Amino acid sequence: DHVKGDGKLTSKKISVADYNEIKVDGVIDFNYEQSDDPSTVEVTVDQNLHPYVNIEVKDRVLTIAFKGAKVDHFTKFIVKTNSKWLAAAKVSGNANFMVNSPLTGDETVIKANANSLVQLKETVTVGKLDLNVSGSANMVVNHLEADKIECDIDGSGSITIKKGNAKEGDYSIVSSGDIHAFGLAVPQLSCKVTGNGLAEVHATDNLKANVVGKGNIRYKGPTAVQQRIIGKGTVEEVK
């Protein structure tokens, strides 16, 4: 069976068990906040498609997807939900995953692929933030305060981190992708570019820079540098 959205957006809201992990796929605007309030999921979608919306929490993982009809078309699909913690998110399809509150906790691992967007809009205060983009996925992180940052670009996409601090960092670009992290101050930074990607970084004590091929690393100091270039790429200080 196939169904088409009727064009008239309505909202419905339910209570869900608490969850620490999210899986999102499809063209969905997915809004998350960290809060102690009882977890709810609100869905705004074409009014005729609500009966096919399947919201599940299983072993603390939230999935929201369509069930019991091939949905050919919808106008918009907006999720708004909350939980006490976000340890992990997996973001695929053309999903737009937005964390709209501060995020605090031990470790958060986010994986984005296909043509997804992740936006962490408020301060992320964590022990570890582990970011892994592939396909043509993008992440934007407004403000991080962390013990450890890990960034992996294995695709045509980009990770931006606009400001903050991370005590240690491991950045890796294997693809054509870009890391824009001039505003993240990292004392102990290692950064490997194997693609023809670009890493823009800020090390404040020690930088370990590796380029294999035509890739490029630009860094803001003040930092001591260990650098190794195999091929025609470059590692150069900015400012």
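Residue numbers here begin at 1 and follow the sequence given.
K.L.:
Return whichever of 65 to 73 and 205 to 213 has the greater mean Cα B factor according to the PDB record.
P.N.:
According to the entry, 65 to 73 carries the higher average C-alpha B-factor.
K.L.:
Using only modelled residues of the chain, where does the Cα B factor of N31 rank: lowest third, middle third or highest third?
P.N.:
Lowest third.
K.L.:
C-alpha B factor of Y52, ranked within the chain: lowest, middle or highest third?
P.N.:
As the PDB entry reports it, the C-alpha B-factor of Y52 lands in the highest third of its chain.
K.L.:
Please say which third, lowest, middle or highest, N94 falls into when its CA temperature factor is compared across its chain.
P.N.:
Tercile = highest for this residue's CA B-factor.
K.L.:
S156: which third of its chain by C-alpha temperature factor?
P.N.:
For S156, the deposited C-alpha B-factor lands in the highest third.
K.L.:
Based on the deposited C-alpha B factors for this chain, I'd like to know if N100 is in the lowest, middle or highest third.
P.N.:
It belongs to the middle third of the chain when residues are ordered by C-alpha B-factor.
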